[PDB]
């Protein structure tokens, strides 16, 4: 039971608010959109369809009622444009900022566009939000920000040197957010996501994340690569845990704001064990080679989620194996 999250969602349905979701056409944004519309929220979406897709928005349309869909106002535009950011902020209560160009290797190969998207765009949205006096502001940060810190499991206060331009940009979001609290009284929540997965995570394209990239490949009958020795290990976090955490963050009591939280389940899986869970869930619905470590990649990864548990009453309820089970039917349909 996700007790606190149930209670908060009940408040929202009784007293609905206006939400802004940036990155709404993407993986996490469109999952947020689906749950907020199902709570009868008014939703303002912004996306530029860089890595996001209109098909994600069309899919969410078919999953909600007509009245629910009628409260979604979609704005095609770019967070790099401050005017656009101010326009979409108007009358907004709760900001969920997901728009960014993700991926460590992308940042290495084009630190420039990435900087513009992830620092300039973040600041534009942060500043428009402060000026519009929104009730809350929650933004996607990253476990990449732990960098080379050798400690396991990862604890929020203890971070290392950032190991790529992507790590830098996300860390910069966090420091601007803190400076905003201290200089303006504008209290935010940053969510360090660990390896999120689930429906509508893009499997196509050179930057695909390991779960949908492998899922696709096994469905193709293609080779399943493994960047390095395979002992690299991760806290894979099903999207529903992330949706819980965004919504708990948006309605957090004030003293839980101006804080960073790990967003994950606290477990660890190696590239090598995941391969098998994926085969088994897929193989259940009727259907491997080693190589060089990837550049600027974090070696080993497990979150300590004690802080979200205690301060927000986060209750992660969906673990790697069940998330895969829940996720595979989506991949079959999308790829068939």
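Between two forms, the rigid core is defined as the largest C-alpha subset superposing within 1.5 Å. Numbering follows the first chain given and starts at 1.
Visitor: Between 222-230 and 235-243, which one strays more from this form in 7 other deposited structures of this protein if you match the rigid core and compare Cα atoms?
Guide: Comparing 222-230 with 235-243, the larger C-alpha deviation in 7 other deposited structures of this protein belongs to 222-230.
Visitor: Consider 45-53 and 288-296 separately and indicate which one has Cα atoms farther, on average, from the shown form in 7 other deposited structures of this protein after rigid core alignment.
Guide: After superposing on the rigid core, the more displaced stretch in 7 other deposited structures of this protein is 288-296.
Visitor: How many residues that are in the deposited sequence but not in the model lie between residue 287 and residue 288: none, 1 to 3, 4 to 9, or 10 or more?
Guide: The entry leaves 4 to 9 residues without coordinates here.
Visitor: Would you determine, from the values in the PDB entry, which of 318-326 and 21-29 has the greater average C-alpha temperature factor?
Guide: Comparing averages over the C-alpha atoms only gives 318-326.
Visitor: Mean C-alpha B-factor higher for 91-99, or for 239-247?
Guide: According to the entry, 91-99 carries the higher average C-alpha B-factor.
Visitor: Out of 304, 34, 297, 59, which residue has the highest Cα temperature factor in the PDB record?
Guide: 297 has the highest C-alpha B-factor of those listed.
Visitor: By the CA temperature factor listed in this entry, which of these ranks top: 113, 195, 131, 188?
Guide: Result of the comparison over 113, 195, 131, 188: 131.
Visitor: Residue 202's Cα B-factor: lowest, middle or highest third of the chain?
Guide: As the PDB entry reports it, the C-alpha B-factor of residue 202 lands in the lowest third of its chain.
Visitor: Classify residue 173 as lowest, middle or highest third according to the C-alpha B-factor given in the PDB entry, relative to its own chain.
Guide: CA B-factor rank for residue 173: middle third.
Visitor: Per the entry's values, where does residue 86 land by CA temperature factor relative to the rest of its chain, in the lowest, middle or highest third?
Guide: Highest third of the chain for residue 86's C-alpha B-factor.
Visitor: Residue 156's Cα B-factor: lowest, middle or highest third of the chain?
Guide: Its C-alpha B-factor, which the entry lists for residue 156, ranks in the lowest third among residues of this chain.
Visitor: Ranked by Cα temperature factor within the chain, is residue 291 in the lowest third, the middle third or the highest third?
Guide: Tercile = highest for this residue's CA B-factor.
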